[PDB]
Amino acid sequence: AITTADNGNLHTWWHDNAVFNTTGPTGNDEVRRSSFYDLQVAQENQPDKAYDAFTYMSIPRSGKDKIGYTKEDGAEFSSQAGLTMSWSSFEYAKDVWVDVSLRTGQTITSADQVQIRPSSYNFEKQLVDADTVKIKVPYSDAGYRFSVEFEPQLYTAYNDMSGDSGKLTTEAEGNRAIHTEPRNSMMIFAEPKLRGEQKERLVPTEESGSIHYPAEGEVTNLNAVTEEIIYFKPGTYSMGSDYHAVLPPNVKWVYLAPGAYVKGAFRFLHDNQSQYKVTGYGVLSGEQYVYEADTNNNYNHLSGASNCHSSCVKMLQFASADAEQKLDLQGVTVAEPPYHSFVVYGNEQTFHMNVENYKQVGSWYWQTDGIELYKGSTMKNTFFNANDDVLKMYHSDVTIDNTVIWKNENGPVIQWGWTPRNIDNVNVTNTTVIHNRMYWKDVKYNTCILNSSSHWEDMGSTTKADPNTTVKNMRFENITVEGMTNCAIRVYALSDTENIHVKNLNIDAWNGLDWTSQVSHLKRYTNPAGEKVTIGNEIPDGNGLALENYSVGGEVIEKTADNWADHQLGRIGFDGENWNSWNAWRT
């Protein structure tokens, strides 16, 4: 018998319309339940009172065939290898014991056969029996988002080395290891219970404004709501494959309660509010939308153009007026996006975001970009699964802390390239890339942990830079990369570039590709007239690219230690002309 919690210290929930389905799209009124894991939670001093918490599951393309296209969409390997991503959310206010049970019939011999990533979370684990581990999750006001990895679920992705770039395969023989991870992943989002002033800010009441409460089922009428707040109670809601909510000017807040599951997407078309909010510990899933679902094409797949950068369905979209505005984006899990997760158009300097306890899961397709934080924004305590640029660092005065990342195949983790940019004062701390499948045999411009990709208009051109733009004063401190990866950093500088600091980029291992495919780059591009951008002087001015405590396999890479070059452990193949614009040293 399912028993959920709803007390002051613990909140869990269920979906009575849950279904097991590993093969195809669920019904409009159904929620996909994990076939592979069951989870229960108890307050640590009440270990006998364990409550069920639902475990959701996303599968590549929702198991759909490609409708309206045959080209690659980026979900080929994940679909063919049978990858899935399960996740369970709950609210807690006090240390808990979480029981995680594997449903497959596979067994484990010890709690050591269940690994937690981030590995820095040295949670106490106890083996209850041969399919169940108990994990002690301490309370933090940030909560914890982490992966639970049963050894029998691990597989290794290999690059078959075919053609120019290779292709991923689960076949080992004669191929190159790329990364080892659970085939059926299991994320736990242990989120802080909201009280006091935080609850008042993040959970609407009837005192917050007029509220529209959608009924469970089809929700295709949201464009004409007249209330200020749309509040989704626990339950399941469906926008369909051919509609997303384009919200009227009165709506300032969308709230997804814990236990709400909304299939759909939201666009705040109007720019008239001083404060926008999208909050709550519910789920917003794009599972019903086709890859590159184009609003110019009746929501069918993109037809008759090069891109749909501004017309394909986004999970969340806002408009920024010249006036100063704020958005609180909190709590929600964005699942199975058909395109980019998040965008703001308008005045990109006057839309200040406060993002926290936000998650993106099931990012199987290419172009499932993570978040772009606009000028003067902060983000903390998040989880991103993405199959494109994960952290789009395109704006000044941006601060990020405590990001757990499950990277897929395509794009880098951190991106600041693609166009010349003017950026100052960026700080990104405590990033853990727990997995990645970055695999390319050829030396691509848009990959590695950190990246300034070449220009989107022509990635092979070296004349697309602008020396009259400057990217400067960006600090990345603590980037923990677990398992194998492909490369550390590739900067194709499209702007003058100054005082970039990467501290404690710690990589467990390189993958099985040739070392030439693992190279890190630092190159100065020109404008069409031939004027080169400049990289600041690092030796001795400290105004170039600083790699402080960059390590591989625990060994710090040092310019003075003979372990830095392209054929050495550090894999650094920076242009010789830029020698005095970088340093690698041990503190």
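Counting begins at 1, following the sequence as shown.
In this entry, 344-352 has the higher mean Cα B-factor, the comparison being between 344-352 and 359-367.
When the mean C-alpha temperature factors of 453-461 and 373-381 are read from the deposited coordinates, 453-461 comes out higher. Within the listed group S520, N527, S62, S34, the record reports its top CA B-factor for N527. In this entry, the residue among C487, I178, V481, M239 with the greatest C-alpha B factor is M239. In this PDB entry, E207 carries a Cα temperature factor that places it within the highest third of its chain's modelled residues. Split the chain's modelled residues into thirds by C-alpha temperature factor. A42 is in the middle one.
In the PDB entry, a CA B factor belonging to the middle third of its chain's modelled residues is recorded for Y339. The entry lists a Cα temperature factor for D514 that places it in the lowest third of the chain's modelled residues. In the PDB entry, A305 places in the highest third of its chain by CA B-factor.
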